[PDB]
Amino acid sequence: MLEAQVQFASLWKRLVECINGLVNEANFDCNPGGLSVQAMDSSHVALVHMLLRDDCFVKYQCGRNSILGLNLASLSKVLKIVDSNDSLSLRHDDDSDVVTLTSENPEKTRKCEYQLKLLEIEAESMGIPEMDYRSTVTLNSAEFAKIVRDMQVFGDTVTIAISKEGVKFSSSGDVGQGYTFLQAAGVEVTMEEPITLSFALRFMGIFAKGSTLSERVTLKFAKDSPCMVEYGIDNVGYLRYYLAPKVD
């Protein structure tokens, strides 16, 4: 038996949208100590790790690890119809091919239950990059999102430059060339070396949807190494993305 109730469905809604943007199916590693989702785009260029610790749920009951694989396409379609202010309980009875989502009015006047079928999803082949990040920049989630959208009016790749002075996002295409410089503090830059890597704006966009979860976003970079985009879900979880640098 499994049960995770959240006070506000908004979290699940704002979460699945962030993930469905990268992959359309994923396995929910529901183990005691929290609910984890790990997955890679078909390009094998970009990975999402999502942890929700057990302190995140008003009710959480996972005695033994049970992996549940799920169609994010369907799940997303169901969550769209669930009022955010309503409660949401995700429940699985052992040896079921379906998992149950239950929502209730704060008033208890209305109850909605939605049953979705489970899938068989093979375990992610690749795993979190084992890297120590030299340069770390933190900035307002929404500003990050705007910048990617903006840089995309120019090209499909963004050249991020970390410097003591601040980060410079730059891009070029037919429309022409542009850049956005963010003066460091507010932009909290931590640097050991002046690092400057380039990344695919398509994925950066997918990531930026994290603005729905956290007011600020931590971007961690390492020379000739994947990047991490971390979104903190309060101190009750996190959403982390990893993307490959563009190389010549």
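We number the residues from 1 along the sequence you see. Throughout, rigid core stands for the largest set of C-alpha atoms superposing within 1.5 Å between the two forms.
Two stretches, 124 to 132 and 171 to 179, are weighed by how far their CA atoms sit from the shown form in 4 other deposited structures of this protein after rigid core superposition; the farther one is 124 to 132.
Where coordinates are absent for parts of the deposited sequence, a chain break appears; between neighbours residue 185 and residue 186 it spans 10 or more residues. Taking the PDB entry as given, 89 to 97 carries the higher mean Cα B factor of the two stretches 74 to 82 and 89 to 97. For the pair 108 to 116 and 139 to 147, the mean Cα B-factor is higher in 108 to 116. Remark: of 201, 50, 46, 195, 195 shows the highest value [criterion: C-alpha B-factor in the PDB entry]. Each of 218, 61, 211, 38 has a CA temperature factor in the record; the biggest one is found at 61.
In the PDB entry, residue 27 places in the lowest third of its chain by CA B-factor. In this PDB entry, the Cα temperature factor of residue 170 sits in the bottom third of its chain's modelled residues, the lowest group.
In the deposited entry, the Cα temperature factor of residue 153 sits in the bottom third of values across the chain's modelled residues. The deposited CA B-factor of residue 206 belongs to the lowest third of values across its chain.
Annotation for residue 176: C-alpha temperature factor in the middle third relative to the rest of the modelled chain, per the entry.
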